[PDB]
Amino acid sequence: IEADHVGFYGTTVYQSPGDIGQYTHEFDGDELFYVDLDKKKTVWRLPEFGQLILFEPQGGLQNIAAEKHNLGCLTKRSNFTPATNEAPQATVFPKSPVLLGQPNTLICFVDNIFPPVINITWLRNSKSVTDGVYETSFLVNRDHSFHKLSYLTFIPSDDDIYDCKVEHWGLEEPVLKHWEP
């Protein structure tokens, strides 16, 4: 389908067991917002968009409830055919050209995620790093898998080595993607 622009609205995922749900909008392939289902709050990727635009979370909660129902009907109708675990693929790259001493962001792009449950974590000199890290929602792919990005903000140094570590049910061992200046 050719178009100048594409909006993804009402996008809903529900998974069992675990009652895992997600509701997002996207425009031209970037995340507008997700609905925090625990807090019943709309969380916009660019905060200035949400200062101008209202999305009432109830619309997301309604779609989640409808997808929970639909998950129930389709699992039974399929005779409880389970999801096939895919093997995710990860790549690490910097947001901007790397200059020693100048702040930057490492981006761990993880693709072919299915089911949408994953653990993406960063290591610096083989030690876990969690402060400041943030990640996107599960963003949809045309083949109905997902992708997700994790961000590590850092100052490049010659004495620091980084890994993005990816754990998923479809991997026998964790995937480790290395990066250094």
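Numbering starts at 1 and follows the sequence shown.
- A summary of the deposited B-factors shows that, of 142 to 150 and 36 to 44, the stretch with the larger mean C-alpha value is 36 to 44.
- Taking the mean C-alpha B-factor of each stretch as recorded, 126 to 134 and 113 to 121 are not equal, and the higher mean is that of 126 to 134.
- Split the chain's modelled residues into thirds by C-alpha temperature factor. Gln22 is in the lowest one.
- Among the modelled residues of its chain, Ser157 has a C-alpha B-factor that falls in the highest third according to the deposited record.
- Among the modelled residues of its chain, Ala83 has a C-alpha B-factor that falls in the highest third according to the deposited record.
- For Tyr9, the recorded CA B-factor ranks within the lowest third of the chain. Only modelled residues enter the ranking.
- In this PDB entry, the Cα temperature factor of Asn104 sits in the bottom third of its chain's modelled residues, the lowest group.
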